[PDB]
Structure formats: C-alpha cells, structure tokens
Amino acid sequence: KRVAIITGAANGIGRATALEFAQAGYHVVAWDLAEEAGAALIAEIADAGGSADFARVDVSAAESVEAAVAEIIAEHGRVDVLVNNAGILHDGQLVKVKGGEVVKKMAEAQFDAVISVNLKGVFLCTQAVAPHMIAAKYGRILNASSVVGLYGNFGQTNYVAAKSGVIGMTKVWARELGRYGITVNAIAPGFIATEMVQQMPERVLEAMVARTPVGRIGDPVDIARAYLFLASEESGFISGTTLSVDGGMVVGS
C-alpha cells in the first residue's frame, strides 16, 4: 500500500477523495481541523474495508505539519501522495459602496486568513513531504485550485488570489521536482455540491446549472476520481498541469 495524505479530508471533496483512495488500496492519512468529522470519515472507510488514519493538523501551522509528516514516516516509512485540498472561503467585495460611501470592504484579516490556508498551507505541506519523496525517487503532488482561479469571480479577491497562486506554485514545483520522480499537478473544480453550494438559494442554484453545459452541479466524486487518476503510478508523464473538472462552465462577466 502506497500512503496518501489528503488535507481537508473530513468534509466535501476531501471526504470523497479520501474514500476513493482507500477503495483503490491506498493507505489514507486524513488531515483536518474537524475532529468529529475526521473520526466519522475513518468509520466510513473502515465500513468499506479500507486502511486509513486521521490526524488533527492545521495546514497553515508549520510546526503542526512537520510533526504530522514525521509521525507518518516513522509509522509507515513513505509518503507517496499529497493532496492539498484543505480550504476556506470568506467572500466579499474589495469595497462595497452605496449612497456616496463604503458600506463594507474586505477585512484585512479575511484576506490574510484565506491566503494562509489556501496558499501558504499548500506550500508548507508540500515542503514537508518533498524530502521523503525525493529520497524515494517518487511522489505525486496534487493541489486544489478552482475554475475561479482561471477567470476570476465577483466578490472573491482573496480566494481567487490563492487559487491562481496555487497554479503558479504548481508550475514551479513541477520544474524543481521532476528530476526526482515527482509530478506536481493542480485540479480546478467548477461548481461542486459541497455544503456551501448545497445551501445556496433555489434561484441561484438553477441559474448555476443553466450556466453549465453538461447540465448539473458537479459531485465531490467527480473531483475525487480526477485526483485518483492524476496520482496513478501510470500518470508519471503528467506534470505541471491544471486539469479543469467544471462541466464546461466558464464564469461569465
């Protein structure tokens, strides 16, 4: 069993990814802040007869991430795959104006928070697993971007900055780590039925479907399967790329 670390595993796309990798025979190491959801995931994988650990790790805390990787290596001796999927949102206009003045603007903290998890988290986790991958002459680095990182989107300064930034780091690490048997790719999901989207008002959802050529909101499973494909020992000639899984949706103006 190859070992795969999936961050943000306790919910949504990471939950699906975690499940898919386990069913495929990976030993899954699941990272998240959400401990109850974490244990629930493990219960789900045990019910499906898979092999996996859960660990409470903050991807944006260097000391937390370093300690987590050391424990994996001491227990299992290898990290084959890292999926950097942990994320957060705090949308809002740069400045929101009505009646001759600013009624709201994106809080400096809201900006910093989203960058810390969605950009800096990717850097920390990858930096931490890389030396092991190099020594093993193998690895798979898989980074969560977004369709929104390609086109931009209203109200998503911080989130777009992070997710376009993640594609950039993916291109760098592709170049640096190839010569060591490591590939580095990103995935850019469209609208996916995780909890945020499933809570959207009725009119907004059906417009989102109408704007999507294939005719639906995507499922976490769609992305999980995409990560599994990219992680294959047979996907050694795929590196430095961004695979869109967005039902053909392009974010109009």
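Each residue number is its position in the shown sequence, starting from 1.
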Output the stretch having the higher mean C-alpha B factor in the entry; the candidates are 218-226 and 191-199.
-> 191-199
Higher-B stretch (mean Cα B-factor, as the entry records it), 73-81 or 168-176 | 73-81
Going by the CA temperature factor in the entry, name the top one among 186, 28, 34, 45.
-> 34
Criterion, highest CA B-factor; candidates, 96, 163, 140, 132 | 96
Rank-wise, by C-alpha B-factor, drop residue 149 into the lowest, middle or highest third of its chain.
-> lowest
Taking the values exactly as deposited, rank residue 122 by C-alpha B-factor within its chain and report the matching third: lowest, middle or highest.
-> lowest
Among all modelled residues of this chain, ranked by Cα B factor, put residue 17 in the bottom, middle or top third, i.e. lowest, middle or highest.
-> lowest
In terms of its chain's C-alpha B-factors, the third that includes residue 251 is the highest
What third of its chain, lowest, middle or highest, does the C-alpha temperature factor of residue 11 fall into?
-> highest
